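Notes to accompany the following structure.
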Amino acid sequence: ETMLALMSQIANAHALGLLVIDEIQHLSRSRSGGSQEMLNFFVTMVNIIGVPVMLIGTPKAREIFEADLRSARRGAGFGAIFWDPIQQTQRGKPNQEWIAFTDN
DNA sequence: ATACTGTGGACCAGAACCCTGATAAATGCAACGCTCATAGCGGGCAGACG
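Here you go:
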């Protein structure tokens, strides 16, 4: 908590515009406190630090974040974009994205 | 009467406590490590349906 509160002063000294935390899939749920003290950390982090934050993970790492609105509303305070693999035939005709990517 | 014994008084120098400086040794405090309770995940092992 002391470092979480020290980060706010520094992030407000220089006008930080964004904060990206990448690869949350790599965290261990045994050295952190469980599946609840991670969510509490990631929800307290958004409130105190005034900058926008972005969280990136794998579909099996959403089980941490699906427990409550504290990241279903705070985390999805601006939506939740989903990445999918390319589909060959979305319509009756095959997708032009696949053809263009393969040709290039 | 006047010259000698005793004595009152003014008086210098050893000395004791205070001040100064430099070096060594005994504490006090801010910082760091030890210990105990509490919570939990995941793997390895006693009883299940097959």
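In the authors' numbering, the protein residues as written are 211 to 314.
For each residue, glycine too, the CB sits at the ideal point set by N, CA and C.
8 Å contact criterion, which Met255 and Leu214 should meet: CB distance rounded: As a working note, residue 255 is residue 45 in the first sequence. As a working note, residue 214 is residue 4 in the first sequence. Indeed, because the Cβ distance is near 7 Å, the residues count as touching under 8 Å.
Buried or exposed (CB count within 10 angstroms, at least 16 for buried), residue 162: Outside the displayed span of the chain (211 to 314) sits residue 162, for which this structure offers no information.
Residue closest to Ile266, alpha-carbon to alpha-carbon, out of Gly227, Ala310, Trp293: Locating residue 266 in the first sequence gives position 56, counting from the first residue. Ranking the options by Cα distance to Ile266, first place goes to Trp293.
Beta-bridge pairing of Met264 - partner residues as DSSP gives them: Position 54 of the first sequence, counted from the start, is the residue given in the question as residue 264. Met264 pairs with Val230.
Alpha-carbon to alpha-carbon, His224 and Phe252: Taking the first sequence and counting its residues from 1, the one referred to as residue 252 is at position 42. Taking the first sequence and counting its residues from 1, the one referred to as residue 224 is at position 14. About 22 Å.
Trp308, DSSP secondary structure in three states: Taking the first residue of the first sequence as 1, we reach residue 308 at position 98. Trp308: helix per DSSP, three-state reduction.
Boundaries of the alpha helix (DSSP H) in which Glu273 is found, first to last residue: Along the first sequence, one-based indexing puts residue 273 at 63. No alpha helix (DSSP H) contains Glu273, which DSSP labels as neither H nor E.
Limits of the alpha helix (DSSP H) - the one that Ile220 falls within: As a working note, residue 220 is residue 10 in the first sequence. Unbroken alpha helix (DSSP H) run through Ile220: 212 to 223.
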